[PDB]
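In structure tokens, the next block holds one chain alone, the form deposited in one PDB entry.
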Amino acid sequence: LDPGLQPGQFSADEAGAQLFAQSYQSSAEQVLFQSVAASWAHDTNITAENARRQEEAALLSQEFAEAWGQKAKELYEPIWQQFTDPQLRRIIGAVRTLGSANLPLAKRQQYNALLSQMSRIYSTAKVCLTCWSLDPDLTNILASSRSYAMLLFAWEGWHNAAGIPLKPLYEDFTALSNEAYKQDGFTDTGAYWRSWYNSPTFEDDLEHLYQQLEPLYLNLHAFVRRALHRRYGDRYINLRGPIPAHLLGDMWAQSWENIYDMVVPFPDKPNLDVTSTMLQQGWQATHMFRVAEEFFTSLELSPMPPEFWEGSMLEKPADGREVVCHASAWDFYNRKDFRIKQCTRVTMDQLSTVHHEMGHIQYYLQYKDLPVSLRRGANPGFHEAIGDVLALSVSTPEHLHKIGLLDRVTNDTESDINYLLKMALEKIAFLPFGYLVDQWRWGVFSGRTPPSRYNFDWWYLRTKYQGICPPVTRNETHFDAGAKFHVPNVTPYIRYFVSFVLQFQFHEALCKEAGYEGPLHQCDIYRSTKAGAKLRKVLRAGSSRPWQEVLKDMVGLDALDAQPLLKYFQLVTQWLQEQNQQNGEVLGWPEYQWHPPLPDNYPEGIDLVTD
């Protein structure tokens, strides 16, 4: 470690710890910057050389964390918890958490290599018929094909190509990650991930939320399954069974807005998918980002700085090198550089993604002058929620009309049901997936799910929560969890479940603060400077204060609460219940063992339905 980056001498008291923290920050910004820069250079240009450079940068970061972590313990271990400044307590608590820096050098190098190789495998996997990439090709097929066989080929091809080679690396990764966090006092890595929520009752509280939400999912599931039955027939859809996992608009069946045009309740009403209008009007990635930015500035939040526009990767490179296309938002920790890396396509769901990623950037801009250790969301769910809150306003037919994307305007009960159904496809269908992914990982990290049950337990959870089944047979050579970005890229998932609840709590509070008095699902906070100021208060706090108190200030309650989500959806929750009863549906999938058969001459003759 460079001399300038090494911890010096500080007194073993609170006053010294304050000086230690100031000195830590100064060097940490440099070390984080070089690491983030190196990761950027890799993710925007995946090469063995750029992986090597990123790995070298990670080792420097691990040296840094060890030096400053060991100094924090040497000086402050018996006393930091009784310090009177609560921000300082959080800074010291973060600095003394070493993570992968607890591993000796040889294991740090193994750990860092595993992360690179897992990232490379996921983001360069292809399905050959002429080979399809996940983004744009397989993504577009899953969203827009209504050919059972084409969808199947894409689903099976992707899961086999991405998942199979990840399995050995993922086992090795899990062991090293646990070894690392055990030395910070956690029984496994999952316990460390959960500790960010500072709640002894986290798992129970999530489970109690899920119980309130599940009836909404069950009704939405049955209604969609009926539509799929009438399209694909009794051979491929069991009205009392799980839905084939490839038919719901998305590679992971994680949200279903892409099959809205197959299930729309009232097809005589305005077309709420504005993608074709975006395309007719000549929208491009940059316009999508500029429109998102202008929503933020309407709330008196910050525009994107010149560094964002000059440095970001807003379209898939045509040159046409390998990249991590999975949308992400980047803080370089120098208070100047902030970037989005997205292979942006011109669709309505992508416009929401742009808002999602820009919400991350807005958080970074607002807390950039906090101590480095407090430049995080109040919890990780807060970070995920911000952009989604704005996107809820943007999605309203009234807002879409304001920005020239929805010509017809209407306020009748059928149009409301259509809108709420579209939003339920996007939000309610996600809830089980958002909840199950880290249930799977937590069991893997605890040892409850060994490698010999990776896939058995994944599909157990996939069926249990989502009521879906694989549309081809799977066995333990397959590693289908690995075919989802966040698994090989080691990004926790429970944040997204937390976010999908929290965002309705936020939306309700900002709508109230805007002085809006109509139905919650027709609120638009656009141009509300008061809404803006209430949200800014949250963003500026970073992780300086307990999330329960930040939430209480914002919404009047100190806990996650499903009621705002239930209130938003009430009309379609009722309508779906009625529809399913009239149709005599069974709610759930009591034929839990059911899987669809293969199509007749699959996969030969896929050439007849491709190009």
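Just so we're on the same page, rigid core means the largest C-alpha set that superposes within 1.5 Å between forms. Each residue number is its position in the shown sequence, starting from 1.
- Per the record, residue 175 and residue 176 follow each other directly, and no deposited residue is missing between them.
- Taking the PDB entry as given, 81 to 89 carries the higher mean Cα B factor of the two stretches 81 to 89 and 425 to 433.
- According to the PDB record, 517 to 525 carries the higher mean C-alpha B-factor of the two stretches 348 to 356 and 517 to 525.
- Per the PDB entry, 271 shows the highest C-alpha temperature factor of the residues 489, 362, 271, 328.
- Per the PDB record, 211 has a higher Cα B-factor than any other of 455, 395, 211, 258.
- Placement of the Cα temperature factor of residue 156 within the chain: lowest third of the modelled residues, per the deposited record.
- The PDB entry assigns residue 60 a C-alpha temperature factor belonging to the highest third of its chain's modelled residues.
- Among the modelled residues of its chain, residue 590 has a C-alpha B-factor that falls in the lowest third, as given in the PDB entry.
- Compared with the other modelled residues of the chain, the Cα B-factor recorded for residue 107 ranks in the middle third.
- The entry lists a Cα temperature factor for residue 42 that places it in the lowest third of the chain's modelled residues.
The form deposited in another entry exists for this protein as well; it is not shown, and the discussion that follows is about that form.
- With the core fitted between the shown form and the other one, just one of 104, 78, 306, 515 shows a Cα displacement of at least 2 Å, namely 78.
- Once you line up the core between the shown form and the other one, the Cα of residue 15 ends up 2 Å or more from where it was.
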